[PDB]
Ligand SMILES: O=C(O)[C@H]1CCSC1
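Shown next as structure tokens: one chain only, the form deposited without this ligand.
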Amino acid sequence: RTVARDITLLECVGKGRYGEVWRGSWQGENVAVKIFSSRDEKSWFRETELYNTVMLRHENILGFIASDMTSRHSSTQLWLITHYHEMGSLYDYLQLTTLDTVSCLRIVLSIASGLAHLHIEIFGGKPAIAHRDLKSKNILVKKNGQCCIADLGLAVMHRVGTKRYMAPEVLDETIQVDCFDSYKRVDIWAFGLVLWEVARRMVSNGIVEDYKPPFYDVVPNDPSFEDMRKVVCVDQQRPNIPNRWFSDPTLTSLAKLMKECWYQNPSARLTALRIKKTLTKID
């Protein structure tokens, strides 16, 4: 039996402290190849351990293909190989695309669908999973207008999260760390922020907001843990809802939904399944 494993790396589509992502080719088809820095080996191990536990398969979860460890002279090479989404991240896409009502709802309901799939325990099945680093750079846009959730390097089954998206209980270190539901409620906070980022790009009455990240007006770039704690915990600020949203029934409903993801009390926040149901009744 022939096992053709060689992947041709073609173009770098992302570089950071995590390492690099490449468009590659295997047997005539695009794949995405994440090459980990030694600094972030634990993210490869965690995502590989999760996929060795449960082979997640969902239209709104980035599709797993392979985990590879290769011995080198003086180092270990760690690759994660997935489906390739040529439209890139939601963060990328929102910069220079605006949305209509149908495309905005389709994006957010697809994210909610992927998140509820992670969060749910299925018996007889899958363990419940919290993501712990949900953000617009960790969501990819597919050609059919739905999105998928990426990067399970911090996920927990039943590195810290991106500080801009951290829930108040994470910033004030009150999170109930032994309690799995706490981690779902941290994802819901982050989902609300992503919902806000997308909703801003939905046109109503000839108006749209420019792309901005959550809290762009109250924290610096690369905000510190203290910068975030002061805004979110001490002053209890939340992202602005522009007046123009209140002329549009879809954005009026989405504003209500995002507020129900942002309660200071984590147990007051909506569940991913309740968010899905609410989105299916909008429009």
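Start at 1 and count along the sequence shown; that's the residue number.
Beyond the structure shown, there is the form deposited with this ligand bound, which is absent from this document and is the topic of what follows.
- Using a 4.5 Å cutoff between non-hydrogen atoms, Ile120 counts as a contact of this ligand in the entry with it bound.
- This ligand is not drawn, but in the entry with it bound it has no heavy atom within 4.5 Å of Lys256.
- Contact check for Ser204: every heavy atom lies farther than 4.5 Å from this ligand in the entry with it bound.
- At the 4.5 Å threshold, heavy atoms of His58 reach this ligand in the entry with it bound.
- Interface residue among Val198, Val186, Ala155, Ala116, judged by heavy atoms within 4.5 Å of this ligand in the entry with it bound: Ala116.
- Of the candidate stretches 205 to 213, 190 to 198, 177 to 185, 108 to 116, only 108 to 116 has residues with heavy atoms within 4.5 Å of this ligand in the entry with it bound.
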